[PDB]
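**Student:** Take this structure, written in structure tokens, and hold onto it; I'll ask about it next.
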Amino acid sequence: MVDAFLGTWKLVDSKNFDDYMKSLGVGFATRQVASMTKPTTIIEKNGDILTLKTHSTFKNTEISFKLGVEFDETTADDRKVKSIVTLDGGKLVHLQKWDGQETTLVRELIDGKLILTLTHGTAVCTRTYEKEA
Ligand SMILES: CCCCCCCCCCCCCCCCCC(=O)O
């Protein structure tokens with residue numbers, strides 16, 4: 001049900017990522033490098049386990065999860081969170097919880113592009129990824 005999300009994706013547009021990072025308490029120097037970084041996101045499946053890799057010249061991350069089953073995660077900015085990823089309205093919705101805080105990472109396909117919407121506090125960031133062959 002997730003299959004159109006699978007593959008290798010490259011960042012091609014970013015709006016309000018600094019706002020999002022600052023809301024999370026990321027320091028200025030990290031925000032500065034991150035603002036010029038273009039990650040590659042690789043989404044693969046093996047049975048109902050999904051692996052999501054984010055690779056860049058700055059930070060790399062990898063998570064594996066079953067849809068609808070909570071997992072522990074340590075984010076790129078070193079938050080230790082309780083996470084769950086589900087399909088909702090055809091969107092891949094990743095909710096992270098820690099210290100009573102929450103943030104959502106929502107992925108939706110629009111005209112073949114992967115749109116990642118990141119919300120924390122009032123900050124709303126929209127990052128667009130395009131498929132690599
Ligand atoms: C792994 C590369 C992530 C993007 C560059 C480094 C950012 C580090 C500080 C902010 C981390 C916030 C949580 C992760 C944001 C992921 C954004 C994305 O996948 O495009």
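Chains: A, B, ... in order of the structure tokens. Residues: from 1 per chain. Ligands: from 1, in order shown.
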Hey, which bits of chain A sit within 7 Å of ligand 1, and for each residue what's the closest pair of atoms and how far apart in Å (one decimal), counting only C-alpha atoms and all ligand atoms, rows by chain and increasing number, as a Markdown table?
**Tutor:**
```
| residue | atom | partner | partner_atom_place_in_ligand_line | distance |
| --- | --- | --- | --- | --- |
| A:11 | CA | ligand 1 | 20 (O) | 6.9 |
| A:21 | CA | ligand 1 | 10 (C) | 5.3 |
| A:26 | CA | ligand 1 | 9 (C) | 6.1 |
| A:30 | CA | ligand 1 | 9 (C) | 6.2 |
| A:31 | CA | ligand 1 | 9 (C) | 6.3 |
| A:34 | CA | ligand 1 | 5 (C) | 4.5 |
| A:37 | CA | ligand 1 | 5 (C) | 6.0 |
| A:39 | CA | ligand 1 | 2 (C) | 5.8 |
| A:41 | CA | ligand 1 | 19 (O) | 6.8 |
| A:54 | CA | ligand 1 | 1 (C) | 4.8 |
| A:55 | CA | ligand 1 | 1 (C) | 5.6 |
| A:56 | CA | ligand 1 | 2 (C) | 5.7 |
| A:58 | CA | ligand 1 | 6 (C) | 6.3 |
| A:59 | CA | ligand 1 | 1 (C) | 4.5 |
| A:60 | CA | ligand 1 | 1 (C) | 4.2 |
| A:61 | CA | ligand 1 | 1 (C) | 5.1 |
| A:75 | CA | ligand 1 | 13 (C) | 5.9 |
| A:76 | CA | ligand 1 | 11 (C) | 4.8 |
| A:77 | CA | ligand 1 | 11 (C) | 4.6 |
| A:127 | CA | ligand 1 | 20 (O) | 6.2 |
```
**Student:** For the strand (DSSP E) assignment from backbone DSSP, which residues of chain A qualify? Please present them as number ranges by chain.
**Tutor:** A: 7-15, 40-46, 49-55, 61-66, 71-74, 80-88, 91-98, 101-110, 113-120, 123-132
**Student:** Given only C-alpha atoms, how would the per-residue table for stretch 9-89 of chain A near stretch 94-111 of chain A read, listing every residue at most 8 Å away with its closest atom pair and distance in Å to one decimal, sorted by chain and number, as CSV?
**Tutor:**
```
residue,atom,partner,partner_atom,distance
A:79,CA,A:98,CA,7.8
A:80,CA,A:98,CA,6.9
A:81,CA,A:98,CA,4.9
A:82,CA,A:97,CA,5.1
A:83,CA,A:96,CA,4.5
A:84,CA,A:95,CA,5.5
A:85,CA,A:94,CA,4.3
A:86,CA,A:94,CA,6.7
```
**Student:** Can you measure atom CA of residue A:124 to atom CA of residue A:44 for me? One decimal in Å is fine.
**Tutor:**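 Computing the Euclidean distance for atom CA of residue A:124 and atom CA of residue A:44 yields 26.3 Å.
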**Student:** Between A:120, A:15, A:66, A:131, single out the one closest to residue A:40, counting only C-alpha atoms.
**Tutor:** A:131
**Student:** Measuring atom to atom with only C-alpha atoms, identify which of A:48, A:126, A:121, A:57 is nearest to residue A:14.
**Tutor:**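 Among the listed residues, A:126 lies closest to residue A:14.
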**Student:** As a VMD selection string, list the residues of chain A assigned to helix (DSSP H, G or I) by DSSP on the backbone atoms of this structure.
**Tutor:** chain A and resid 3 to 5 17 to 23 28 to 34
**Student:** Could you write those residues out with N, CA and C atoms, as a compact mmCIF listing (two decimals), in the first residue's frame?
**Tutor:**
```
# COMPACT_ATOMS: atom_id res chain seq x y z
N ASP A 3 3.77 1.27 -1.95
CA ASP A 3 4.78 0.89 -2.92
C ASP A 3 5.20 2.07 -3.79
N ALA A 4 4.29 3.03 -3.94
CA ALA A 4 4.72 4.16 -4.78
C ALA A 4 5.75 5.05 -4.04
N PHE A 5 5.89 4.89 -2.70
CA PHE A 5 6.92 5.61 -1.96
C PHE A 5 8.31 5.00 -2.08
N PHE A 17 12.70 24.88 6.65
CA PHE A 17 13.42 23.88 7.44
C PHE A 17 14.15 24.54 8.61
N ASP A 18 14.68 25.75 8.43
CA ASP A 18 15.31 26.41 9.57
C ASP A 18 14.32 26.62 10.70
N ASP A 19 13.09 27.07 10.39
CA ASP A 19 12.07 27.26 11.40
C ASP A 19 11.84 25.94 12.16
N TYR A 20 11.72 24.85 11.42
CA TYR A 20 11.48 23.53 12.04
C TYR A 20 12.62 23.13 12.96
N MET A 21 13.85 23.22 12.44
CA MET A 21 15.01 22.90 13.26
C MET A 21 15.11 23.77 14.51
N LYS A 22 14.86 25.06 14.34
CA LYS A 22 14.97 25.94 15.49
C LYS A 22 13.91 25.57 16.52
N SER A 23 12.70 25.23 16.10
CA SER A 23 11.64 24.82 17.02
C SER A 23 12.07 23.61 17.86
N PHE A 28 22.64 26.77 16.01
CA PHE A 28 22.76 27.54 14.79
C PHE A 28 23.73 26.94 13.81
N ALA A 29 24.83 26.34 14.27
CA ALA A 29 25.84 25.85 13.36
C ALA A 29 25.34 24.64 12.60
N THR A 30 24.60 23.78 13.30
CA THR A 30 23.98 22.62 12.64
C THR A 30 22.92 23.10 11.66
N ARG A 31 22.09 24.07 12.04
CA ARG A 31 21.07 24.57 11.12
C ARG A 31 21.71 25.14 9.86
N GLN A 32 22.81 25.83 10.03
CA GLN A 32 23.54 26.46 8.95
C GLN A 32 24.01 25.40 7.94
N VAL A 33 24.68 24.32 8.38
CA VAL A 33 25.12 23.27 7.47
C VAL A 33 23.92 22.58 6.87
N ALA A 34 22.92 22.26 7.70
CA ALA A 34 21.72 21.55 7.22
C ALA A 34 21.01 22.34 6.13
```
